[PDB]
Structures are given as C-alpha cells and as structure tokens.
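Below is one structure, written out as structure tokens; comments come after it.
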Amino acid sequence: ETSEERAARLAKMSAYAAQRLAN
C-alpha cells in the first residue's frame with residue numbers, strides 16, 4: 001500500500017468515465 005496507488009484511483013475512475021461517456 002503506497003501513495004502511487006492512490007493516484008491511479010483518480011486517473012482510473014476518470015479514465016473509465018471518459019471511455020464510457022463517449023458514444
């Protein structure tokens with residue numbers, strides 16, 4: 001458990017929505 005994993009969360013959640021948002 002490190003801090004790097006915390007960053008991937010904000011990028012993972014935003015990346016999942018960006019791909020789902022697009023038609």
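Chain identifiers are assigned as A, B, and so on, following the order in which chains appear in the structure tokens; residues are numbered from 1 within each chain, and ligands are numbered from 1 in order of appearance.
For chain A, a DSSP pass over the backbone yields alpha helix (DSSP H) at residues 4, 5, 6, 7, 8, 9, 10, 11, 12, 13, 14, 15, 16, 17, 18, 19, 20 and 21 of chain A.
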